[PDB]
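Atoms within each ligand, like the ligands themselves, are counted from 1 in listed order. When a residue number appears, it is its place in the shown sequence, counting from 1. Values below: every heavy atom of this structure, side chains too, minus hydrogens, waters and symmetry copies.
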Amino acid sequence: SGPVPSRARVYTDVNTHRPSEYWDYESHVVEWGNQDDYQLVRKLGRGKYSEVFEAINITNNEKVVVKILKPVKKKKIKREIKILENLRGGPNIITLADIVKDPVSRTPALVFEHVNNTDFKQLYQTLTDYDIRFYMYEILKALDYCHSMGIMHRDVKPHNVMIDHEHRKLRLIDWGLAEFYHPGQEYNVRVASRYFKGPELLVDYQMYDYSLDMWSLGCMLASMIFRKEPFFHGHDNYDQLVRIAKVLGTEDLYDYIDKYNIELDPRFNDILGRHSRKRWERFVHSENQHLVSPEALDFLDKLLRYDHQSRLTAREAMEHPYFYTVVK
Ligand SMILES: COC(=O)CC(=O)NCCCNCc1ccc(-c2ccccc2)c(Cl)c1
Ligand SMILES: Cc1ccc(O)c(C(=O)O)c1
């Protein structure tokens with residue numbers, strides 16, 4: 001009679017018990033600031049429907065970041081604004097400082113606190129085992145907070161984690177794909193970036209939850225400790241599941257599909273094959289052995305699981321022995 005329903009093991013009913021004002025982003029009243037308070041400095045990057053600039057707030061001479069959105073879907077912009085306002089002040093969440101519009105071009109923009117991004121290319125060679133544990137803990141603070149607030153980020157990846165290494169400061173950014181969690185809701189599986197997509201998205205299981213972010217975090221941890229970027233290198237969404245199955249094995253994949261009565265897409269028929277469950281110790285090499293430990297591999301094993309309900313929650317992850325050396 002179709003797939004088996006699922007719900008989050010934590011913060012299941014946080015939105016259910018809150019008034020509509022909190023989660024009904026379509027009814028939210030957006031109020032513009034003065035675009036003339038900002039002078040654009042330089043282009044930082046581009047998204048599918050966004051351009052990000054460093055700017056200066058001319059009223060206080062403080063640097064900010066301005067994300068100009070191509071308003072292809074108004075409802076999506078309202079959602080990102082409402083989520084950002086709800087989460088404002090959370091640990092390691094990027095702070096939305098203002099929302100402005102360009103009257104001429106009819107374009108909205110979001111203004112954020114400035115983060116001085118450290119270029120990872122130089123950082124990646126210098127990070128120690130302790131540094132990886134420290135920053136992983138900072139990401140978990142951000143995720144436990146947003147999950148506790150009934151929000152799934154749905155786009156956890158290295159590009160969305162900004163680190164100012166000199167000040168040991170981390171911010172989780174780009175809440176454009178984030179959504180409110182409502183138990184039993186069937187969500188769109190076209191979220192997250194290919195390498196970071198959880199198995200639930202790849203098998204088109206729509207009743208997913210906060211645990212999706214924990215898979216994505218597991219992919220980032222594996223890539224950092226093993227110095228393998230990305231860890232699961234799929235060439236398309238179907239091949240992405242095959243890359244996962246080459247590590248986790250096909251036996252546990254069938255156990256997962258069976259548990260939720262998922263119908264595997266026919267496109268998997270000639271590409272999935274048969275794969276044994278690999279030991280995590282097989283990814284250890286001379287280049288990465290100084291970042292790997294038994295505690296790291298046990299932690300990784302508890303995140304990178306097909307069954308979304310079996311993965312550690314952000315709060316359980318924070319209590320793992322891997323973080324015994326970090327200040328809580
Ligand atoms: C144009 O858009 C923007 O300006 C945004 C923008 O500039 N983004 C680039 C941010 C790239 N961050 C790279 C990075 C570095 C280290 C880690 C990490 C290492 C060890 C443990 C935990 C995390 C992560 Cl996850 C990411
Ligand atoms: C600070 C910052 C930089 C780039 C971005 O794309 C964002 C965001 O989308 O929230 C934030």
Side-chain angles (χ1 to χ4, degrees), residues 40-55 62-70 76-77 79-81 83-85 87-88 90 92-99 108-143 146 151 153-166 168-178 193 195-196 213 216-231 288 290-292 296 299-300 303 317 322-323 325-326:
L40 305 179
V41 177
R42 61 178 173 117
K43 192 169 216 160
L44 291 181
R46 283 168 113 171
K48 287 182 92 167
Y49 314 114
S50 73
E51 294 225 310
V52 185
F53 292 86
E54 175 172 81
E62 294 300 322
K63 290 173 81 158
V64 291
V65 162
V66 176
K67 176 195 192 175
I68 294 168
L69 317 143
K70 184 174 186 162
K76 192 182 178 285
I77 294 171
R79 185 182 69 188
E80 181 175 357
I81 292 167
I83 285 173
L84 282 167
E85 289 189 3
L87 295 177
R88 188 191 273 140
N92 302 332
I93 307 297
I94 195 70
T95 300
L96 178 67
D98 212 345
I99 57 208
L110 305 184
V111 183
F112 299 96
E113 59 167 299
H114 187 265
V115 184
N116 185 21
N117 194 250
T118 303
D119 199 304
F120 56 101
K121 197 200 184 77
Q122 295 172 271
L123 195 59
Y124 179 92
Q125 188 71 48
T126 200
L127 292 175
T128 60
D129 178 15
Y130 174 76
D131 291 322
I132 297 172
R133 289 173 199 233
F134 176 84
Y135 288 120
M136 280 291 303
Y137 197 84
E138 296 299 298
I139 299 169
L140 284 166
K141 291 189 205 165
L143 296 174
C146 75
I151 294 156
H153 180 283
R154 307 199 301 178
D155 199 22
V156 174
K157 61 179 180 177
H159 182 85
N160 290 338
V161 177
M162 295 181 81
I163 298 179
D164 174 351
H165 191 58
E166 185 189 305
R168 297 286 223 137
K169 181 167 103 187
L170 181 144
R171 294 293 183 261
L172 182 53
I173 68 158
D174 202 348
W175 295 79
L177 285 180
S193 297
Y195 314 137
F196 303 93
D213 291 335
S216 305
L217 185 62
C219 296
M220 289 187 54
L221 177 63
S223 72
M224 286 299 310
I225 70 173
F226 296 134
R227 290 181 141 197
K228 185 185 188 296
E229 226 138 75
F231 186 71
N288 66 32
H290 65 291
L291 304 168
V292 179
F299 179 50
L300 188 65
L303 295 177
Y322 182 63
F323 299 110
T325 62
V326 312

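Atom-to-atom distance recorded for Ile163:CD1 and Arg168:CZ is 9.5 Å, nearest 0.5 angstrom.
Closest heavy-atom approach to atom 5 (C) of ligand 2 among the candidates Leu110, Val66, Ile173, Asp174: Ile173.
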Which pairs of N or O atoms, one from ligand 1 and one from the protein, are separated by less than 3.5 Å, and what is the distance for each pair?
from	atom 1	to	atom 2	distance (Å)
ligand 1	2 (O)	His159	NE2	3.4
ligand 1	8 (N)	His159	O	2.8
ligand 1	12 (N)	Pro158	O	2.9
ligand 1	12 (N)	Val161	O	2.7

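At distances below 3.5 Å, at least one donor-acceptor pair connects side-chain atoms of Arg154 with backbone N or O atoms of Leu177.
At least one N or O atom of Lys67, backbone or side chain, sits closer than 3.5 Å to an N or O atom of ligand 2.
Between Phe299 and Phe323, the distance separating the two ring centers is shorter than 6.0 angstrom.
Atom NZ of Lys70 sits in a sparse spot, with 12 or fewer heavy atoms from other residues, nucleotides or ligands closer than 6.0 Å. The environment of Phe120 atom CZ is sparse: at most 12 non-hydrogen atoms of other residues, nucleotides or ligands sit within 6.0 angstrom. Surrounding NZ of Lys121 are at most 12 heavy atoms belonging to other residues, nucleotides or ligands under 6.0 Å away.
Of all protein heavy atoms, the one lying nearest to atom 6 (O) of ligand 2 is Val52 CG2, 3.7 Å.
Contact analysis puts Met162 in contact with ligand 2, with a non-hydrogen atom separation below 4.0 angstrom.
For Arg171 and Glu113, the salt-bridge test passes: some basic side-chain N is under 4.0 Å from an acidic carboxylate O.
Contact record, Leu110 with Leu84: CD1-CD1, 3.8 Å, taken as the closest heavy-atom pair.
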